[PDB]
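To keep things clear, I will list the structure first and then write my remarks on it.
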Amino acid sequence: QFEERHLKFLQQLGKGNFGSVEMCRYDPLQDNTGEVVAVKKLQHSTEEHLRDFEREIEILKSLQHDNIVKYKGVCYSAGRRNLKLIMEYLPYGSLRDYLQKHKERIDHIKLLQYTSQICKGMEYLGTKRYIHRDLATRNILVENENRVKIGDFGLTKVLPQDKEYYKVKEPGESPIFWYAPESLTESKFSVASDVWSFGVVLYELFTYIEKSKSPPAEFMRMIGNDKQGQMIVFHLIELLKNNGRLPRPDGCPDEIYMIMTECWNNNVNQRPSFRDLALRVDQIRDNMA
Ligand SMILES: Cc1cnc(Nc2cc(F)c(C3CCN(C)CC3)c(F)c2)nc1Nc1ccc(F)c(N2CCCS2(=O)=O)c1
């Protein structure tokens, strides 16, 4: 759909797990009438990454929801190598940076608005049996002050038809401080591990991304900063099996922290569903208004 000769580079937006994203202008008339778009590409176009990137593209194309970043197309040159994914451009960047920069205008009601939008997006993913696997505020984007969207599907897996978990071990470093215990121990990913990660996202939101209060800082302080290398993971595992948890963020109401701790159940089957999470969050939001 998009021809790369018209994809005009404006800046690099971010560099992630085997991918990078650039802000470009698609200007096929070359008269500065084209629209600004986001362009995702691989930084090493090997074949596992190309096939996984094709899976990611197909997954994003199959999703249409107010709280999921919009797929716009693909662009290739030289016979389908250098595949690029074209997406809508969201002008406010990640929810992590946005929250860090506007923490004194964003009150609790607004945090719960974002929360409820994230839960609706995640429930829509669950209806397609997609497991996102990388839920974090750095991965949620801000369209405007009233709308956020889940935004990076590079790790998203489709559940097998006969099971409710997906076992995956990738080469790479892993956002272990967002991982459910069964994901750390058995590499099992499910809707319930996405619910654990969502609990961590709720924590993040209510810390307003204060630097010492991030999940990596809190967990490294809890287990001890002398842990170093693979051994860190080991200690984290013990911390979670002895019911060590991230603390209640400053100013967080007890109801919200209880939602968080209910999402951090060691028992996979006792974690709430995203529909219930949305219902509780919406009722709290209505109580506050
Ligand atoms: C699809 C999409 C649409 N619009 C936008 N708008 C956007 C607007 C911005 F002002 C910024 C920043 C704000 C902060 N300073 C540094 C400069 C500009 C920005 F970073 C993004 N971004 C999108 N995606 C995206 C962006 C950035 C990413 F790192 C990743 N990721 C793929 C590798 C890891 S990642 O999965 O996080 C996806």
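By order of appearance in the structure tokens: chains A, B, ..., then residues from 1 within every chain, and ligands from 1 in the order shown.
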Which protein, DNA or RNA residues have an atom within 7 Å of ligand 1, counting only C-alpha atoms and all ligand atoms, as a PyMOL selection string?
-> chain A and resi 13-17+19-21+38+40+69+87-94+97+138-139+141+151-152
Residues near residue 42 in chain A, cut-off 12 Å, only C-alpha atoms, skip fewer than 5 positions along chain, as a short mmCIF file (atom, residue, chain, number, x, y, z; two decimals) with N, CA and C atoms, in the first residue's frame:
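Output contents, as saved in part36.cif:
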data_model
loop_
_atom_site.label_atom_id
_atom_site.label_comp_id
_atom_site.auth_asym_id
_atom_site.auth_seq_id
_atom_site.Cartn_x
_atom_site.Cartn_y
_atom_site.Cartn_z
N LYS A 15 13.47 2.77 20.14
CA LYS A 15 14.20 1.57 19.73
C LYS A 15 13.97 0.49 20.78
N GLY A 16 13.38 -0.63 20.37
CA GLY A 16 12.98 -1.65 21.33
C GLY A 16 13.48 -3.06 21.10
N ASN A 17 12.62 -4.03 21.42
CA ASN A 17 12.94 -5.44 21.24
C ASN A 17 12.98 -5.75 19.75
N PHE A 18 14.19 -5.72 19.18
CA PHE A 18 14.45 -6.07 17.79
C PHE A 18 13.78 -5.12 16.80
N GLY A 19 13.11 -4.07 17.29
CA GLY A 19 12.47 -3.12 16.41
C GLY A 19 12.84 -1.69 16.74
N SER A 20 12.61 -0.81 15.76
CA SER A 20 12.67 0.63 15.96
C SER A 20 11.45 1.24 15.28
N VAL A 21 11.05 2.41 15.76
CA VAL A 21 9.90 3.13 15.22
C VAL A 21 10.33 4.56 14.91
N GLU A 22 9.96 5.04 13.72
CA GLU A 22 10.27 6.39 13.28
C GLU A 22 8.99 7.16 12.98
N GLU A 47 15.58 -14.11 9.79
CA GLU A 47 14.32 -14.76 9.45
C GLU A 47 13.40 -15.05 10.63
N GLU A 48 13.89 -15.34 11.84
CA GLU A 48 12.94 -15.50 12.93
C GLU A 48 12.25 -14.16 13.16
N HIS A 49 13.03 -13.06 13.13
CA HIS A 49 12.46 -11.73 13.33
C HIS A 49 11.54 -11.33 12.18
N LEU A 50 11.84 -11.73 10.94
CA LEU A 50 10.95 -11.38 9.83
C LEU A 50 9.64 -12.16 9.91
N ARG A 51 9.70 -13.45 10.24
CA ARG A 51 8.47 -14.23 10.37
C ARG A 51 7.65 -13.79 11.59
N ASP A 52 8.32 -13.51 12.71
CA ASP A 52 7.61 -12.98 13.87
C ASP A 52 7.04 -11.60 13.59
N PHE A 53 7.74 -10.78 12.80
CA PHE A 53 7.24 -9.46 12.46
C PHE A 53 6.04 -9.57 11.55
N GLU A 54 6.03 -10.56 10.65
CA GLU A 54 4.86 -10.79 9.82
C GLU A 54 3.67 -11.24 10.66
N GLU A 56 3.24 -10.38 13.82
CA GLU A 56 2.82 -9.17 14.52
C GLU A 56 1.98 -8.26 13.63
N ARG A 81 11.55 -7.60 1.35
CA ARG A 81 12.53 -7.56 2.41
C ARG A 81 12.74 -6.09 2.73
N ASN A 82 13.06 -5.83 3.96
CA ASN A 82 12.79 -4.54 4.53
C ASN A 82 11.31 -4.21 4.78
N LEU A 83 10.55 -5.19 5.17
CA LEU A 83 9.19 -4.97 5.47
C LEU A 83 9.12 -3.91 6.55
N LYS A 84 8.22 -2.95 6.42
CA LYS A 84 7.94 -1.90 7.39
C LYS A 84 6.45 -1.91 7.69
N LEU A 85 6.11 -1.73 8.95
CA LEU A 85 4.73 -1.65 9.39
C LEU A 85 4.35 -0.18 9.55
N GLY A 154 4.74 -6.67 19.39
CA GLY A 154 5.85 -7.50 18.95
C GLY A 154 6.00 -8.81 19.69
#
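From CA of residue 244 in chain A back to CA of residue 103 in chain A, the distance works out to 27.7 Å.
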Pick the closest to residue 240 in chain A from A:285, A:153, A:271, A:177: which is it, counting only C-alpha atoms?
-> A:177
If you run DSSP over the backbone, which residues in range 102-206 of chain A end up strand (DSSP E or B)? Put them as a ChimeraX atom specification.
-> /A:130-131,140-144,147-150,157-158,166-167,188-189
Could you pull the residues within 12 Å of residue 246 in chain A, counting only C-alpha atoms, minus those fewer than 2 positions along the same chain, as a VMD selection string?
-> chain A and resid 177 to 178 199 to 204 206 to 207 213 to 223 236 239 to 240 243 to 244 248 to 250 257 to 258 260 to 261 263 to 264
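The two atoms in question, CA of residue 241 in chain A and CA of residue 266 in chain A, are spaced 7.1 Å apart.
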Closest of A:60, A:231, A:289, A:209 to residue 132 in chain A - atom-to-atom distances counting only C-alpha atoms =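 For residue 132 in chain A, the nearest of the given residues is A:60.
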DSSP-assigned helix (DSSP H, G or I) among range 3-73 of chain A, expressed as number ranges by chain | A: 4-6, 47-61
